[PDB]
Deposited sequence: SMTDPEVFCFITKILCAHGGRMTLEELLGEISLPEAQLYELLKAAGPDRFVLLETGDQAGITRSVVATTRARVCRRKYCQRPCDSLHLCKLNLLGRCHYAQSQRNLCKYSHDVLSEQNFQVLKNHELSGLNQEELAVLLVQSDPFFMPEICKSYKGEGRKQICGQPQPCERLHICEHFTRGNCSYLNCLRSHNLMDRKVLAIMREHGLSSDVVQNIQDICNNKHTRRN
């Protein structure tokens, strides 16, 4: 029960993804023990890839509401502050309607349910930016397929993601979806990078979503 957090912390320390070989070069287990532990926690915690790689993930999500009334089993926090980027950490302190206490008692309890309470703020941020689609740039609501040319402000090119929103939440079931499931697209990667997500992070998001899509 405590071994899973141990692994996650190391994965989160190394960008959220490590090869199985490189993982073994950090721990005191033979490959047989490690590999059977990853399978146990399941793909909602560790996504396994083909050399072999492991991608860290979690079901834990940040509440999307501006103001939320309990009950709610999501984390409640300022994403910006978690990333250390909220400009209202010092000067106003108010005018940010979101919690700057990452490890609040309500949050600590959510973290417990997802077996993440041993994580520091940096690891938690690493895990969430690649697991919680709420940390992604806005997805274009008018986008309808790459065989169209819809009004995303033609004279001012769309600054939003043109991908399938259902895919990002692991819920695309459309037989022959027309919306892109390809996050590694050049223009997507640019918006992603502008938003603070490197191509390495997007690749992890891509692989987590792919795993969820191949249900």
Deposited positions without coordinates, collected into consecutive stretches in sequence order: 1-4, 55-61, 227-228
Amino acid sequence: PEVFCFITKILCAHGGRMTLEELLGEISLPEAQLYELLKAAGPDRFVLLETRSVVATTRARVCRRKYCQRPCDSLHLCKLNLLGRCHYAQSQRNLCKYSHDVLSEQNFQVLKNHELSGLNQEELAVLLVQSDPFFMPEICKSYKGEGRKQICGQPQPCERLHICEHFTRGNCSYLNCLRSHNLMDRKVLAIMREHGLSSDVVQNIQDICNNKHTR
From here on, numbers count along this sequence of modelled residues.
Of 40-48 and 161-169, the one with larger mean CA B-factor: 40-48
Greater mean Cα temperature factor according to the PDB record, 88-96 or 120-128: 88-96
Largest Cα B-factor, entry values, listed residues 150, 69, 182, 58: 150
Selection by C-alpha B-factor (highest) of 189, 29, 54, 63: 29
Third of the chain's Cα B-factor distribution that residue 201 belongs to, per the entry: lowest
For residue 25, the third of its chain into which the C-alpha B factor falls: highest
For residue 107, the third of its chain into which the C-alpha B factor falls: lowest
Ranked C-alpha temperature factor of residue 113 among modelled chain residues, by third: lowest
Ranked C-alpha temperature factor of residue 81 among modelled chain residues, by third: middle
